[PDB]
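Let me begin by presenting the structure, written as structure tokens, before commenting on it.
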Amino acid sequence: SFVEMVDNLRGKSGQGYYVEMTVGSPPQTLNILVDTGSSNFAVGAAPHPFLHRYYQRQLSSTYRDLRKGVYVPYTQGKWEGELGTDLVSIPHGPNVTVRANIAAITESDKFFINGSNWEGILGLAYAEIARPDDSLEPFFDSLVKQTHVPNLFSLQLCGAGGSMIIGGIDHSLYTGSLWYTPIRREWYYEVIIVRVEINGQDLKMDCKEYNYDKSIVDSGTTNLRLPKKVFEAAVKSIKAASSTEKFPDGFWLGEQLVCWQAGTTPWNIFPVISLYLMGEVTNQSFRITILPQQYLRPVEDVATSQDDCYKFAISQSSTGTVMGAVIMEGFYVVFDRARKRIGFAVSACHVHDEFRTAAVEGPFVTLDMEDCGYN
Ligand SMILES: CCCCNC(=O)[C@H](C)C[C@H](O)[C@H](CC(C)C)NC(=O)[C@H](CCSC)NC(=O)[C@H](CC(C)C)NC(C)=O
């Protein structure tokens, strides 16, 4: 039933994954970015150097002005707009139409990306973090109220777009079993990390430090963003492992890239990172393991030649752990809102060399996990 939805996302992790949508009457087609780390549905409503097309309320016989302004700040980028509702559909998604809140973006700064090909954002998180306030029902909440679509969706993001299955799970998109971790509070998709390992060696820190502030799953972020103390520990460990070679310190900052002769990338000298997530049962957890093929993001050669260049896709943050696209790529992620939990399984479009492989493994024991959440 979900075949029609398989393969409905385009783009990369560097600029985000988008799905096609239409708004207004007659329908206007726009590419909307899929963001599980916000809760506001917004589209460009005015010309802009980086936009190809945009929403034109003046041409929709179904547009309703809510006469309220709105503003949304992200970790990077922000926009001002005016609220209002209209009919929305997803072509390669469930065959339904819903009336949902839409912010018409009129002002923005560092939000749209030059030639990203998406002109809007779809916040798939909960109302609590919606702007102006939790009274502005987010798109998915509308979708679930107005139709019979199950309160559940899943993402499969692929590297070098992917698929977003609305309303269910598509068993052909993953191998192995699904492992679920509880959603701690329904605002972000907040999860609890209970242990971290680099090449099998535990980072040995207070697990509280891993969730310092919070840990969220956000398809709208590229990198794997870690808290100050954790980022330091991780980078020190990854350096040691790959000390067999040298890179600029601007590299460990994600600033300057690193290149190698085509097909000679020393994958083996880079460690695998394991994140242990809290489980569904007392004292049990599972772990997902990501390969260096995931946290080293491919970019185009600075001198535009025939080399393989990469950027370090692990940066630090002050807002807690963020599991961005580089982490979600290897995996098939189920956002089971109905049962307040998030599932992981090895993706079908999985990275891998002929030696190591991304994995989801369990069960594990972890004593006193509930003492990992920060308060
Ligand atoms: C208003 C309450 C919700 C606020 N939520 C957020 O800000 C969540 C955590 C982050 C959002 O998902 C937001 C979406 C962008 C389209 C603006 N992403 C971001 O703010 C991050 C910040 C990384 S630190 C330089 N930006 C990114 O990940 C960008 C753009 C993506 C479209 C690929 N990519 C890179 C490589 O910098």
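Some observations on this one:
- Helical contribution to [θ] at 222 nm, DSSP H n ≥ 4, -39,500 (n - 2.57), averaged over the chain, rounded to 500: -2500 deg cm²/dmol
- The listed peptides 111-118, 212-219, ordered by packing as a protection proxy, come out as 212-219, 111-118 (highest mean of other Cβ atoms within 10 Å first).
- Each of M328, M369 was scored by other Cβ atoms within 10 Å of its Cβ. Arranged with the fewest first, they read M369, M328.
- Sequence ranges 246-255, 193-202, ranked by mean other-Cβ count within 10 angstrom, highest first: 193-202, 246-255
- Distance violations [Cα-Cα > 26 Å] among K204/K228; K110/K228; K311/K340: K311/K340
- Taken about its Cα centre, the chain carries a charge dipole of roughly 360 debye when the Cβ of each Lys and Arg holds +1 and the Cβ of each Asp and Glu holds -1.
- When each of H352, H92, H148 is scored by the number of other beta-carbon atoms lying within 10 Å, the sequence from fewest to most is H148, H352, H92.
- Cα convex hull of segment 260-375 - mean projected area over all directions, nm²: 9.8
- The C-alpha atoms of segment 17-149 occupy a region whose extents along the principal axes are 37, 32, 30 Å, arranged from largest to smallest.
- Sorted into 10 angstrom bins from 0, the C-alpha pair distances of the chain split as 5, 24, 33, 25, 12, 2, 0 percent.
- Estimated vicinal HN-Hα couplings, Hz - segment 302-315 in sequence order (Karplus 6.51, -1.76, 1.60; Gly, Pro = x): 4, 8, 6, 10, 9, 10, 9, 9, 9, 10, 5, 9, 10, 10
- Counting other Cβ atoms within 10 Å as a rough exposure proxy, the listed residues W267, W79 run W267, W79 from fewest neighbours to most.
- Loop-located chymotrypsin sites (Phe, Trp or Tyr not before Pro) in segment 340-375 (DSSP state other than H, G, I, E, B) with a sparse environment of at most 11 neighbouring Cβ atoms within 10 Å: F355.
Positions of Cβ are generated from backbone atoms using ideal geometry, with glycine treated the same way; all protein chains shown enter the neighbour counts. No value in this document is a laboratory result; all are computed from the given coordinates.
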